[PDB]
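In the block that follows, a single chain appears as structure tokens, in the form solved without this ligand.
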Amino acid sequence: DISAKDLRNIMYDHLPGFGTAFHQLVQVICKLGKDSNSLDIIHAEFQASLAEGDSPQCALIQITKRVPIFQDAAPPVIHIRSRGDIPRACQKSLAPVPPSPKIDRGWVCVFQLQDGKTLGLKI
């Protein structure tokens, strides 16, 4: 049995850089995974994807397409003060938020700014 913190660190162990769209997706996947008691199936698929030769980014996308809790799941909204509060490595990954964003379509999270503006983090 793996904890949410331990699984997040395993995933971070593989990812290049820091504050990337993929780091955020790790946090999203571990939160929904913990809350749905899906951490072990997530862990097992992540390990098999890597063994099969997938990039760790692609292992994470495969989890969102395959693990039942991500079926139809919408991204969380993260309240922040201003756009400068979004990690640098996320700054070229932001796009207008559609009506009904889904994580398994690549909408990782939505930033909502203090002025009301929303910016969708997109892969």
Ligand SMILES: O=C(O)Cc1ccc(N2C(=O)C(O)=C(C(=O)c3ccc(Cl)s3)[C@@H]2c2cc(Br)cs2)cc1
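Note that residue numbering begins at 1 and tracks the sequence as displayed.
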Practice problem: Would you determine, from the values in the PDB entry, which of 47 to 55 and 86 to 94 has the greater average C-alpha temperature factor? | Solution: 86 to 94
Self-check item: Between 2 to 10 and 113 to 121 (mean CA B-factor, as deposited), the higher
Solution: 113 to 121
Quiz item: Looking at 28, 39, 67, 78, which has the highest CA B-factor as recorded?
Solution: 78
Quiz item: If you rank every modelled residue in this chain by C-alpha B factor, which third holds residue 32: lowest, middle or highest?
Solution: highest
Exercise. Would you mind checking where the Cα B-factor of residue 99 ranks among the modelled residues of its chain, as the lowest, middle or highest third?
Key: highest
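The same protein also exists as the form deposited with this ligand bound; that form is not shown, yet it is the one meant from here on.
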Exercise. Just give me the single entry in 38, 49, 93, 27 that has a non-hydrogen atom within 4.5 angstroms of this ligand in the deposited complex.
Key: 27
Quiz item: At 4.5 angstroms, heavy atoms only, are 18, 67 and 104 all close to this ligand in the deposited complex?
Solution: no
Exercise. Find out whether any non-hydrogen atom of residue 54 is located within 4.5 angstroms of this ligand in the deposited complex, and reply yes or no.
Key: no
Quiz item: Though only this chain appears here, would residue 43 touch this ligand in the deposited complex if you measure heavy atom gaps against 4.5 Å?
Solution: no
Quiz item: Taking 4.5 angstroms as the cut-off for heavy atoms, does residue 80 touch this ligand in the deposited complex?
Solution: yes
Practice problem: Could you confirm whether residue 2 comes within 4.5 Å of this ligand in the deposited complex, counting heavy atoms only? | Solution: no
